[PDB]
Amino acid sequence: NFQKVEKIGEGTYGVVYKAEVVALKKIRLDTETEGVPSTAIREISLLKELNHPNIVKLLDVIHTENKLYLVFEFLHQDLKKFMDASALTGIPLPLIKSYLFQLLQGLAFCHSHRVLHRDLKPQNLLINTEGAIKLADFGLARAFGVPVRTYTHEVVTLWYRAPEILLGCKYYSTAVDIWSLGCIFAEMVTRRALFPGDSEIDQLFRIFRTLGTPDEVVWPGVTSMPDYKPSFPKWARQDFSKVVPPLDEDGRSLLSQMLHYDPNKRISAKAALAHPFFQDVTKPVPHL
Amino acid sequence: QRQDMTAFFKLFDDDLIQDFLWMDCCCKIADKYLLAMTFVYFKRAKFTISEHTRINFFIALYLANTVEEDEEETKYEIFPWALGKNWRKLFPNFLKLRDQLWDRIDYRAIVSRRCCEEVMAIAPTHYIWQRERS
């Protein structure tokens, strides 16, 4: 082993310390059982088969009888503490475009390897000092290759939760991940969260207010969804001058396809890389 | 590939195992694919002919459900069959056995669909492979 330098954070997942510099993650065992959480198992089992420059690298796994440490590569800070620090100065478009580009590459790698992330929040995206952004925290992630599996609707903080899950429909994949980045895409430009709801019904209403209340010409099977009710107030759609002003019209275009109501006509990851929004894409270094 | 695949199937000649499948009508914990994954786990864990005990079968099946099934409660019904009717205080030990099997396979618990099909192709007309889910 080596020596811990500082405690970065502490949540339900466990405790991450900063300890060559590595991120030392201790996993919190179950109360009744003294056993490894299902989430911890998925995260490690997945990260043991995912090797990509835009995905956090699992370096080692220390298993003992009462402890379990996960050694990751160290990245200096997450995206949200970065967005907060740029909240006034702004985030330069070349860096935004660079970040979104990298995020889509890591995501396309996952979806082509049949893996859902199911937690694409700003706080789960780590950045370093050389212009790179990587996906992390695969605790709610899973593979979707095997047919007829049971899925859940506890997946991601409401703010980045796709409407298909909020309306309680079963059988969802990859589309929901793209929705989350769509939200992060907007949150990088305007510097503030796009759909900040306090409940599931509220989250839907914030989405409806911004993107218009869904039709069956926009979303073919929207009215036969388990948690749809005709009571839903019908709002007109605002468009992305009034919603996300600093975006050009190739920018608004990609964003509109990322926030498409119909999951089946929602834009994919590999495809999003080939959008005309990435010709001038470079790799600028950020200010930390 | 292997020829000696029944290293796995003589588990399905056992009395309580055959009843365990009978309990699971619609294959919510012992799906045809989950039964394929448990074999994958067996050879990844490099199990000898000695180690094909039913307790090892159950910790392997529980692991498969842990990885591939989001509904966490359903897989709990393995505890009685694997521990007895004092399972309510024995299952922490069961779960700990799972953690070493997961350790033994070097944490490689993810099994692709195509890899399941491969083990289902050696003897595809066995009755455990007609445990489809609808």
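Residues numbered from 1 in each chain as written, not as in the entry; some residues may be left out. Chains lettered and ligands numbered in written order. Heavy atoms only, no water. Residues with missing side-chain atoms left out of burial classes, pairs and counts.

Per the PDB record, the structure was determined using X-ray crystallography to 3.201 Å resolution.

## Concerning helix α1 (residues 38–47) of chain A
Which entries qualify depends on this criterion: Burial here depends on accessible area, computed with a 1.4 Å probe over protein chains only, as a share of the maximum for the residue type. Under 20% is buried, over 50% is exposed, and the range in between is partly exposed. Strands are runs of DSSP state E lasting at least two residues, helices are runs of H or I lasting at least four, and both sets are numbered from the N terminus onward.
The element α1(A) is extensively covered by neighbouring structure, given that nine of its 10 residues are classed as buried. Among all positions of α1(A), only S38(A), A40(A), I41(A), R42(A), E43(A), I44(A), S45(A), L46(A) and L47(A) are buried.

## Regarding the side chain of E43(A)
Residues and elements named next belong to chain A. For clarity, the cut-off: We call two residues contacting when some pair of their heavy atoms lies within 4.5 Å.
Among the secondary structure elements, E43 is positioned in helix α1. With a relative accessible area of 4%, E43 lands in the buried category. Residues in contact with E43, not counting those within four places in the same chain, are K25, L70, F72, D137, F138 and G139.

## Concerning the interface of chain A and chain B
To keep it simple, the criterion reads: Once two parts are put together, the accessible area they lose, assessed with a 1.4 Å probe and summed over both, is termed the buried area. Every case where a carboxyl oxygen of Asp or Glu lies within 4 Å of a side-chain nitrogen of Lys or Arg is listed as a salt bridge. Each polar contact in these results corresponds to two N or O atoms within 3.5 Å; when the atoms are within protein, one needs to be able to donate a hydrogen and the other to accept it, and residues that are neighboring in sequence are counted only if both atoms are side-chain atoms. All residues other than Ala, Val, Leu, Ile, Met, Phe, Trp, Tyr, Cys, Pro, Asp, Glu, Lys and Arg, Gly among them, are scored as polar; the first ten of these are nonpolar and the last four charged.
Counting residues at the interface gives 27 residues for chain A and 28 residues for chain B. Summed over both sides, the interface of chain A with chain B buries roughly 2,600 Å², with 55% coming from carbon and sulfur. Per-residue buried area on chain A facing chain B is highest for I41(A), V146(A) and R149(A); these three make up 21% of the total on that side. For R149(A), the salt bridge goes to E69(B), with nearest N and O atoms at 2.9 Å. Linking chain A with chain B are 17 residue pairs in polar contact, by the criterion used here. Counting only elements with at least two residues in the side of chain A that touches chain B, the list comes to α1, β4 (58–63) and β10 (142–143) of chain A. Its residues assigned to classes, the side of chain A that touches chain B shows 11 nonpolar, eight polar and eight charged.

## Observations regarding the UniProt feature "binding site: Mg(2+)" in chain A
Residue and element names in this part refer to chain A. Convention followed: UniProt positions are given in the numbering used here, feature names are shortened, and annotations may be inferred rather than shown by experiment.
Taking the numbering used here, the UniProt-annotated feature "binding site: Mg(2+)" corresponds to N124 and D137. In this fold, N124 is placed in the loop between β7 (115–116) and β8 (125–127). Residue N124 is classed as buried on the basis of its relative accessible area of 9%. Beyond its immediate chain neighbours, meaning those up to four positions away, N124 contacts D119, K134, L135, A136 and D137. With respect to the helices, strands and loops of the structure, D137 is situated in the loop between β9 (133–135) and β10. In this structure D137 comes out as partly exposed when scored by relative accessible area, which is 26%. Among residues more than four places away in sequence, those in contact with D137 are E43, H117, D119 and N124. Polar contacts involving the side chain of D137 include one to the side chain of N124, which spans 2.9 Å.

## Some details on the sheet that holds β9(A)
Residue and element names in this part refer to chain A. Selection criterion: In this description, strands pair whenever DSSP reports at least two bridges between them.
Taken in spatial order, the three strands make up an open sheet running β6-β8-β9, and their pairing is antiparallel. The two strands at the open ends of the sheet, each matched to only one other strand, are β6 (77–78) and β9. Alignment of β8 against β9, held across three bridges, turns out to be antiparallel. What sits directly across from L125, in β9, is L135.

## A closer look at the pairing of strand β5 (residues 68–73) of chain A
Residues and elements named next belong to chain A. Here β5 lies mainly inside the structure; five of its six residues are buried. As paired strands, strand β3 (residues 22–27) and β5 are joined by five bridges and run antiparallel to one another. When the bridges of β5 are listed, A23 appears paired with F72. The antiparallel pairing of β4 with β5 creates a hairpin that spans four residues between the two strands.

## Details of the nonpolar core
To keep it simple, the criterion reads: Throughout this description, the term nonpolar core refers to a set of buried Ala, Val, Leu, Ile, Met, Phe, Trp, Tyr and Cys residues connected via side-chain atoms within 4.5 Å. These domain boundaries are the output of an automatic or database domain assignment.
Of all hydrophobic cores here, the largest spans 138 residues; its most connected members are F185(A), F12(B) and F57(B). Among the elements that line this core, the one with the most residues is helix α3 (residues 93–112) of chain A, at 11 residues. Structurally, this core is a two-domain feature, drawing no fewer than three residues from each of domain 1 (1–76) and domain 2 (77–288) of chain A. In this view, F57(B) contacts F8(B), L11(B), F12(B), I17(B), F20(B), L35(B), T38(B) and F42(B); residues no more than four positions away in its chain are not counted.

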